[PDB]
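For reference, the chains in residue letters:
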Amino acid sequence: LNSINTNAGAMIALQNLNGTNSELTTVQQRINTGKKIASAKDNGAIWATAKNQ
Amino acid sequence: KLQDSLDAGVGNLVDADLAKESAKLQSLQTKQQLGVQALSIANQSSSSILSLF
Amino acid sequence: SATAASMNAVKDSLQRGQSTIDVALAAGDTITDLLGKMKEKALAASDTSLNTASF
């Protein structure tokens, strides 16, 4: 396939780059906040137990 | 991911594989020149009759 | 020539099946991550030392 319209490989590479950027921003927030569970989105149940404690 | 898959499927459905037409173009151009020459050879057939008289 | 021209439909069905399996694999990635999170949830709930609110 030598299409000049669709470029599936660039879409796959963009998906992998987006996933890498997500892991990197997760590491950035975990480094700056100092917590692996800084909010309810990280783990609602453990966040609830930690807040009550 | 589903959006990228749908776009890749539409590209599979309609996009041309240009590497094949890259050769088809030159082949049809040579064939067009040969056809023009053949029709030009055909046009003069009546002239041979003129020498007979 | 007709037998050769007919192969485009075969290639089309093959790519359609590939795309269907691709969508299924994306959904399976989601389902496996969710099943793993369910595993640590049940593993934590199995502990008897938790209070009622945590369970």
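Residues numbered from 1 in each chain as written, not as in the entry; some residues may be left out. Chains lettered and ligands numbered in written order. Part of a larger assembly, values for the part shown. Heavy atoms only, no water.

Structure determination for this PDB entry is given in the record as cryo-EM, at a resolution of 2.53 Å.

(A) Region of the structure containing the overall build of chain B. Helix and strand counts for chain B come out as 3 helices and 0 strands. Element order for chain B, N to C, with α for helix and β for strand: α-α-α. Taken over the C-alpha trace, chain B has a radius of gyration of 24 Å; the compact-globule value for 53 residues is 10 Å, which it surpasses by more than 25%. A principal-axis box enclosing the C-alpha atoms of chain B has dimensions of 80 × 15 × 5 Å. Across the 53 residues in chain B, those meeting the buried criterion constitute 6%. Of the accessible surface of chain B, which amounts to about 4700 Å², a share of 61% is contributed by carbon and sulfur atoms. Averaging the positions of the 4 positive and the 5 negative side-chain charges in chain B gives two centres separated by 10 Å. (Helix = DSSP H or I, 4+ residues; strand = E, 2+ residues; numbered from the N terminus. Rg over C-alpha atoms; globule rule 2.2 N^0.38 Å. Buried < 20%, exposed > 50% of the residue type's maximum accessible area, 1.4 Å probe, protein only. Areas by Shrake-Rupley, 256 points an atom, 1.4 Å probe, with all protein chains shown as cover. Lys, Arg positive; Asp, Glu negative; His and termini not counted. Charge placed at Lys NZ, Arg CZ, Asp CG, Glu CD.)

(B) How the structure looks around the interface of chain B and chain C. Tallying the contact residues gives 5 residues for chain B and 5 residues for chain C. Roughly 420 Å² is buried in total at the junction of chain B and chain C, and carbon and sulfur atoms are behind 48% of that figure. When residues of chain B are sorted by the area they lose upon contact with chain C, B:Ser5, B:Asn12 and B:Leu13 head the list and together hold 69% of the total. Between chain B and chain C we count 0 salt bridges in total. Counting the contacts that link chain B with chain C gives 1 residue pair in polar contact. Taken together, the residues that form the side of chain B that touches chain C break down as 2 nonpolar, 2 polar and 1 charged. (Contact = heavy atoms within 4.5 Å. Buried area = accessible area lost by both parts, 1.4 Å probe. Salt bridge = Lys/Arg side-chain N within 4 Å of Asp/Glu carboxyl O. Polar contact = N/O pair within 3.5 Å; in protein donor to acceptor, adjacent residues only side chain to side chain. Nonpolar A, V, L, I, M, F, W, Y, C, P; charged D, E, K, R; others polar.)

(C) Looking closely at the interface of chain A and chain B. The partner chain B presents 11 residues to the 8 residues of chain A that form the contact. Taking both partners together, chain A and chain B bury about 780 Å²; carbon and sulfur atoms supply 52% of that area. Of all residues in chain A, A:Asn2, A:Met11 and A:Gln15 give up the largest surface area on contact with chain B, accounting jointly for 52% of the area buried on that side. At the boundary of chain A with chain B, the tally comes to 0 salt bridges.

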